[PDB]
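In structure tokens, one chain follows: the form deposited in one PDB entry.
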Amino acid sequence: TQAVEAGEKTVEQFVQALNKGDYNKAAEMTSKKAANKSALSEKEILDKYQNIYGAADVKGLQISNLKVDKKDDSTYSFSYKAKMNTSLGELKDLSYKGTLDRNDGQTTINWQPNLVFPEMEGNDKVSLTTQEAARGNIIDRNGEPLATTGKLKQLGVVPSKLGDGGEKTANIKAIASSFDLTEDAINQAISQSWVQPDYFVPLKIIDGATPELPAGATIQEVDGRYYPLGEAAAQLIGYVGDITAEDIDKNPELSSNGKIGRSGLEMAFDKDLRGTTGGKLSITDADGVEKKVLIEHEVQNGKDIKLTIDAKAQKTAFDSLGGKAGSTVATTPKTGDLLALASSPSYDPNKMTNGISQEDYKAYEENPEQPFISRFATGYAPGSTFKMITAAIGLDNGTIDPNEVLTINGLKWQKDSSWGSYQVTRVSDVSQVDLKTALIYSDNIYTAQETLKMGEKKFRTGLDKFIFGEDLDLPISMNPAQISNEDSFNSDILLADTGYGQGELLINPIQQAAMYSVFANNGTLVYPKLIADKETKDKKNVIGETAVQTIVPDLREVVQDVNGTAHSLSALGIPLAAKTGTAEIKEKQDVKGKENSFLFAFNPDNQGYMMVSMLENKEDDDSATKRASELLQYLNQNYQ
């Protein structure tokens, strides 16, 4: 029985060597070649496993229900059940039998071809036929396509039908001029090592209409992934790339010929979009006639995915950022439907998924404004926009009297002399400041004093009723918002800065839209939703109804009052409640610090839409309010 345990260890080591993919190690655990022992030599067994398991992309061999008993003086029968993963899914309940040979002081496996698959005889062969699945679509709330499989017009040249050294340069310059292509790049393409004279060398995809084709140029129809909105949704949707051998080694169910999601929703929803590969894995006779079918299922095309996104709102929100750094979130605040998630600047996902030059890709990566960032999912200090949450907290716990008038003299203020050189700063020298005045002029000193008056304990008590620390049920990679680094401020200065949205606060635009939805639901926080069919989830009694009915009229005055910080939006003539902000950021990079512009706005009459826009590292005389007119007009018209 001390040898039965040795045979157990031998079978375990053999299964492990197969599982780890080291077929040489597994083959060396077999006895010598014979008719009573192993059916093949070690190198023959290695090539058999390598060829067959590699053809089926076998990964993760796991055994169970093992039993091994003595059969003769040196024979030891073993048996187990096996499960393994292939290109067509899981092979479950595989019954493996065999024999072991004990000799001298070592136990080896009398190898037989039934140790590759249970029903394999002498020189049986394995066949695998597969049908690739079509990738599902991503569509907006009205069925318009955001990511589909289209028929693209590929442009290319045949170097043989181009010229003979003289007319070649003429046709190269003609094809380079008539298609906005660098004339040096065309020759760089027809001079790669893989090119041959009679070959078709692709260059670029033609977006729509096909110009006149000079000599050598030809248009071939090629089907592939297509993104209609382009850069306007590139961060959200993402792109797909060719599947590599390493992708297959990680997940065998990928079609070693299809496309895999590399970023955004295409990657987050890769499983539901790529479908399931159909086909048949069968054992055949040595002549080629089928013996038994191990696996067989038919193709399952990927299912479509419908988003809450509005395509027209998405394109308008993106275009309004003029290619500058920033982002925009538009929701229906009563349900959380994310109408638009724009981030700028952006990259071309169509030229990214087809053929992207490595200098173009390095330009995207080295761009200081970083077009690959999903800015709607990046944490920022919310700026002066955060006042209206602090004020709502101050109204709930009774610290703030909406009509009590603080007397503020100057543009700088500090609690006492212990603050040193630091002082809270406002832009407008208004002497008599109450709550409505503070929201209209965006007065930091009023907010800082009221925050210090209510104290850290009451402040954090009101803040904890929001979504700080929560992970929203969204297929977008993001970090949870935070009030500060630790659970305590341990600083009056940091407490005041957090009071007007400027401390260690980190809230991304989507989390901002969720927190600010309280003013459109009488203090109920409505979680944002991106998938159209999901049910609305909310969180009641975050702030009081009295605080909403007090602040929202003041937010109307931020627009309508002649000195309100959002008064330019009065030109729209639509019911608006807004709040602006300008956060100062110390970014060690160049001359002094930069600043971000923020705008929050929603319809206070019907609560039909809500918008949060930002400009990151803004230019002088630039702001989010300056650019919000078009998106606000659209949302006001189409979302009552």
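Sequential numbering from 1, following the sequence displayed. Note that the rigid core is defined as the largest set of C-alphas that superpose within 1.5 Å between two forms.
S.K.: Is it true that residue 591 goes unbuilt in a third or more of the other compared entries of this protein?
M.R.: That residue is missing from at least a third of the other compared entries.
S.K.: Can you check if, in at least a third of the other PDB entries compared, residue 102 has no modelled coordinates?
M.R.: Yes, left without coordinates in at least a third.
S.K.: Regarding 99-107 and 348-356, which shows the higher C-alpha temperature factor on average in the entry?
M.R.: Taking the mean B-factor of the alpha carbons in each, 99-107 is higher.
S.K.: Do the C-alpha atoms of 56-64 or of 611-619 have the higher average B factor in the entry?
M.R.: So the stretch with the higher mean C-alpha B-factor is 56-64.
S.K.: Among 378, 218, 320, 461, which carries the highest Cα B-factor?
M.R.: Largest recorded C-alpha B-factor: 218.
S.K.: Of the choices 466, 386, 413, 76, which one's C-alpha carries the largest B-factor in the record?
M.R.: Across 466, 386, 413, 76, the entry lists the biggest C-alpha B-factor for 76.
S.K.: Relative to the other modelled residues in the chain, which third contains the C-alpha temperature factor of residue 603: lowest, middle or highest?
M.R.: Ranked within chain, residue 603 CA B lands in the middle tercile.
S.K.: Name the third of the chain's ranked CA B-factors that contains residue 232, choosing lowest, middle or highest.
M.R.: For residue 232, whose C-alpha B-factor we compare with every modelled residue in the chain, the answer is the lowest third.
S.K.: C-alpha B factor of residue 38, ranked within the chain: lowest, middle or highest third?
M.R.: For residue 38, the deposited C-alpha B-factor lands in the highest third.
S.K.: Would you check the entry's CA temperature factor for residue 361 and let me know if it's in the chain's lowest, middle or highest third?
M.R.: For residue 361, whose C-alpha B-factor we compare with every modelled residue in the chain, the answer is the middle third.
S.K.: Can you tell me whether residue 198 has a C-alpha B-factor in the lowest, middle or highest third compared with the other modelled residues of the same chain?
M.R.: For residue 198, whose C-alpha B-factor we compare with every modelled residue in the chain, the answer is the highest third.
If you look for the form deposited in another entry, you will not find it shown, but the lines that follow are about it.
S.K.: Which of these moves by 2 angstroms or more at the C-alpha between the shown form and the other one, core superposed: 229, 495, 162, 406?
M.R.: None of the others reach 2 Å, which leaves 162.
S.K.: Superpose on the rigid core, then tell me if the C-alpha of residue 124 is displaced by 2 angstroms or more between the shown form and the other one.
M.R.: Indeed, residue 124 is displaced by 2 Å or more.
S.K.: After fitting the rigid core, is the C-alpha of residue 376 off by 2 Å or more between the shown form and the other one?
M.R.: No: residue 376 shifts by under 2 Å between the shown form and the other one.
S.K.: Has the Cα of residue 78 moved 2 Å or more between the shown form and the other one, judged after a core fit?
M.R.: Residue 78: C-alpha displaced by 2 Å or more between the shown form and the other one.
S.K.: Given that the distance between the C-alpha atoms of residue 231 and residue 181 changes by 3 Å or more in that other deposited form, do they end up closer or farther than here?
M.R.: It is farther: in that other deposited form, the C-alpha atoms of residue 231 and residue 181 lie at least 3 Å more apart than they do here.
S.K.: Which is it in that other deposited form for the CA atoms of residue 181 and residue 259, closer or farther than here, knowing they shift by 3 Å or more?
M.R.: Closer: residue 181 and residue 259 approach by 3 Å or more in that other deposited form.
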